[PDB]
């Protein structure tokens, strides 16, 4: 852990409030005083009292992964507290929380260009992640955090590995073939989530039907008022043949173009799912 994460002094951390319930203990918001004396807002994951040796390793395991990344679209690790209790992971604070819950509060309230900006940030973060040889395996709108300026950043490195059915590519579901191309599939689902303002992918379909339908060639339908360019990008991310999916670099380039001329987004697009 300490190879990649600074040990922070607990005297430099203030706890303001409990803000959520994580897998391993509550999440708080607070402040961190840096060595330069600058004070920043932080999010603080705590490890529950009475944790096992195993829970502690898996908890801190995420920090070991997060700490290897330094990118504007990947949640920044400020450090860990292990020498006192509770054990903590301290990250940059993201005022607007998880992207799916944020978008659900604002159905149809953002411009296409604003949504594209969010999507471009996520793609850029994933381009960096894939460049470092990590497959996220849990790329979903609920695992993207969004700040006060609407910048989106990849979070939740709990399932991440060095090289969730609704978000997983067919081949990864079929035989655990996880590659950066399976993350690209997940990115296509996130793209659908964003353009749908946080609608649940495949709604409440039974998992075996999600698995069978996607395998048969069915895809999520275009969200209401979705630009053709963005729906096509979803379909490209969802190619059955993983070698035909775009790379994250190409996705970033595609979105950089749509951001560049919103007069591209003017063309708008028997079963729920489409064949």
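Think of the rigid core as the biggest set of C-alphas that the two forms share within 1.5 Å after superposition. Positions refer to the first chain, counted from 1.
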Greatest C-alpha divergence in 7 other deposited structures of this protein once each structure is fitted on the rigid core, 66-74 or 23-31: 23-31
At least a third of other PDB entries omit residue 189: no
Residue 101 coordinate gap across at least a third of other entries: no
Missing from the model but present in the deposited sequence, between residue 163 and residue 164: 10 or more
Selected stretch [higher average CA B-factor]: 129-137 or 152-160: 152-160
Higher-scoring stretch by recorded Cα B factor average, 189-197 or 165-173: 165-173
Which of 58, 209, 236, 216 ranks first by CA B-factor in the deposited coordinates: 58
Residue 39 CA temperature factor, ranked by third within the chain: lowest
Lowest, middle or highest third - CA B-factor, residue 111: middle
Chain-relative CA temperature factor third for residue 180: middle
Relative C-alpha B-factor of residue 230, binned into the chain's lowest, middle or highest third: middle
CA B-factor placement of residue 240, once the chain's modelled residues are sorted into thirds: middle
